[PDB]
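Heads up: the structure comes next, in structure tokens.
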Amino acid sequence: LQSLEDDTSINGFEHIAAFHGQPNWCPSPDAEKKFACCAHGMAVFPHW
Amino acid sequence: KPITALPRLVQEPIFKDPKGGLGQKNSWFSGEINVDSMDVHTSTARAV
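From first to last, the protein sequence lines stand for chains A and M.
Using the authors' numbering, read the first sequence as starting at 866 and increasing by one per residue.
Using the authors' numbering, read the second sequence as starting at 98 and increasing by one per residue.
Given below as structure tokens:
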């Protein structure tokens with residue numbers, strides 16, 4: 866964990882943690898409005 | 098094996114950050130001798 870969190874690049878723990886929040890690439894990578902892909906209340910939540 | 102040039106690990110003098118940004122020293126390019134008793138505080142060389 867120490868090594869992963871000290872890492873900062875695309876392999877870093879920070880990026881994978883930020884998947885679930887900001888910055889936002891959701892729904893599409895390119896959109897005028899962006900949200901988080903933490904599918905809550907959907908039917909795909911356990912899968913995600 | 099019939100060689101042509103040095104291995105890629107010892108080519109770049111200042112390794113790039115994989116994500117991008119501040120560069121970092123490449124030890125595999127060269128090191129530095131910093132002895133004070135013999136007062137040699139200079140990097141080494143690769144006179145290929």
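Beta carbons are placed, not taken as given, at the ideal position from N, Cα and C, and that holds for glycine.
What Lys116 (chain M) touches in chain A, judged by beta-carbon distance under 8 Å, is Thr873, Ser874 and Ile875, going in chain order. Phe126 (chain M) is a Cβ neighbour of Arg143 (chain M), given a cutoff of 9 Å. Straight through space, the alpha carbons of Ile130 (chain M) and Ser140 (chain M) are spaced by roughly 6 Å. DSSP lists M:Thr139 as the bridge partner or partners of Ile130 (chain M). Rounded to the nearest whole angstrom, the CA to CA distance from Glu879 (chain A) to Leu869 (chain A) is 8 Å. For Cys903 (chain A), same chain residues with a beta-carbon under 6 Å away, outside a window of 5 residues either side, are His885 in chain order.
The three-state secondary structure of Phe910 (chain A), taken from DSSP, is coil.
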